[PDB]
Amino acid sequence: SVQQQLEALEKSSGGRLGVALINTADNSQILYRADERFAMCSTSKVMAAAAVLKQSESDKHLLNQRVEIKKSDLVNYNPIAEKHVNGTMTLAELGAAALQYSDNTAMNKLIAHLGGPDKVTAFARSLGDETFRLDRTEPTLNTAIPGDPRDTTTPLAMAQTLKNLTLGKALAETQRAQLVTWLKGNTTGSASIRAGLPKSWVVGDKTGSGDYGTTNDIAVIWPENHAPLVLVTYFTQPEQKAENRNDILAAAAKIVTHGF
């Protein structure tokens, strides 16, 4: 029956909906187009920060290393990075900026630091993720052209991986709780998955929108009396200049967690 509400939603939205919920209590799943590739957009920014956290395990000084922010670094959306022009920003500061405020300059600084988009993919691989693939930097990794496999993953590959990063064995404890603290403090997920859930529940998430009306959100949920839920809602549309649809993610979240 849940299959019927998500198929109705999708059809009326005139788009293509993906969803991958993993109820950790019993590891049961609720999958809709979960093995189909969607353009991650700014949800990919979670993998770039966790790859820098995984580093700090072996390098205790790493996160405090400062990073010079200049004008010619500034890409299109730099809500935090721009304040620090002619200043610095440590690596922990750029991970928090990329996730909580979705700073693109910050996302680009982390990548360069690693060595390029292909390193962040190699990291995904080391977590057991064979689907994820970051090809480009900001802002071009959001074109979200249909069929294009660049910078795409699947809703289930992203649900399984997010679970391991925030509730699993991907990161040492210290780094896991820092990734989780970062996600919770997010400032952009208001209208998305969070909307479709009870106000009392706790949520750390990262959105991702792009062209072709691409609207994504990946969130770890902590019910008040239940084990955590991992929810990945990917949505995209056929028209390049299609409006983004967060209300579709709020709806889908409601539909799938209608039972907890």
Side-chain angles (χ1 to χ4, degrees), residues 40-124 132 134-143 151 162 165-166 170-192 194 203-211 214 216-220 244:
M40 293 175 283
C41 303
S42 299
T43 58
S44 61
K45 283 172 178 155
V46 168
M47 202 68 66
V52 167
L53 288 174
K54 168 53 71 172
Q55 270 188 349
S56 67
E57 289 183 31
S58 41
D59 186 346
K60 65 181 184 312
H61 286 166
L62 185 65
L63 294 180
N64 273 268
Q65 166 191 134
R66 300 199 155 289
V67 183
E68 288 176 18
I69 306 277
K70 293 152 195 295
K71 281 173 178 61
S72 62
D73 282 333
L74 298 184
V75 280
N76 60 335
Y77 186 60
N78 340 116
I80 305 300
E82 63 183 327
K83 292 172 170 291
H84 301 272
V85 169
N86 310 318
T88 65
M89 288 192 62
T90 80
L91 291 177
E93 287 182 349
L94 296 163
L99 298 188
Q100 297 181 339
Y101 297 95
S102 219
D103 196 280
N104 277 333
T105 299
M107 163 62 147
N108 286 18
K109 281 301 200 185
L110 296 177
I111 292 172
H113 150 85
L114 296 155
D118 63 329
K119 306 303 180 292
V120 186
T121 304
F123 166 75
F132 177 97
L134 195 66
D135 293 89
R136 285 166 302 181
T137 64
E138 299 293 358
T140 60
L141 66 83
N142 299 286
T143 55
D151 297 275
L162 180 59
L165 286 162
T166 74
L171 302 163
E173 170 60 16
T174 304
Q175 284 75 12
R176 190 200 58 62
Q178 184 48 276
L179 181 67
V180 161
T181 280
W182 278 344
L183 290 174
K184 285 177 179 185
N186 187 38
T187 65
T188 81
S190 307
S192 303
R194 274 167 200 255
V203 183
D205 80 289
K206 178 81 194 61
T207 61
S209 58
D211 284 331
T214 309
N216 299 333
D217 195 26
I218 64 179
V220 174
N244 296 101

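Just so it is clear, the values below take in all heavy atoms, side chains as well, and ignore hydrogens, waters and symmetry mates. Sequential numbering from 1 along the given sequence is applied to the chain's residues.
Residues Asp103 and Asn78 have side chains that never bring a donor and an acceptor to within less than 3.5 angstrom of each other. Side chains of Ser42 and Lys45: a donor-acceptor N/O pair is present below 3.5 angstrom, by distance only. A side-chain N or O of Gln55 and one of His113 form a donor-acceptor pair less than 3.5 Å apart. Counting only N and O atoms by type, the side chains of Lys206 and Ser102 include a donor and acceptor under 3.5 Å apart. No side-chain N or O of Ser192 forms a donor-acceptor pair with one of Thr207 less than 3.5 Å apart.
Between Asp205 and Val220, the closest side-chain pair of non-hydrogen atoms is not below 4.5 Å. Counting heavy atoms from C-beta outward, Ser209 and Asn216 have side chains that stay 4.5 Å or more apart. Within the 4.5 Å cutoff, the side chain of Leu134 has no heavy atoms near those of the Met47 side chain. Between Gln178 and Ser56, every side-chain heavy-atom pair lies at or beyond the 4.5 Å cut-off. Side-chain contact between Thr140 and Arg136 is present, with at least one heavy-atom pair separated by less than 4.5 Å.
Listed by chain and residue number, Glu57 satisfy the salt bridge (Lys or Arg N to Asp or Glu O under 4.0 Å) test with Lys54 (two or more places apart in sequence, or in another chain).
Between the CG atom of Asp151 and the SG atom of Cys41 there is a distance of 8.5 Å, given to the nearest 0.5 Å.
Checking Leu99, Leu162, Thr174 one by one against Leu179, the side-chain contact (heavy atoms from CB on, under 4.5 Å) holds for a single residue, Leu99.
Legend: side-chain hydrogen bond (donor to acceptor under 3.5 Å, both in side chains) pairs involving residues 87-100, not counting sequence neighbours, sorted by first then second residue: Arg66-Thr88.
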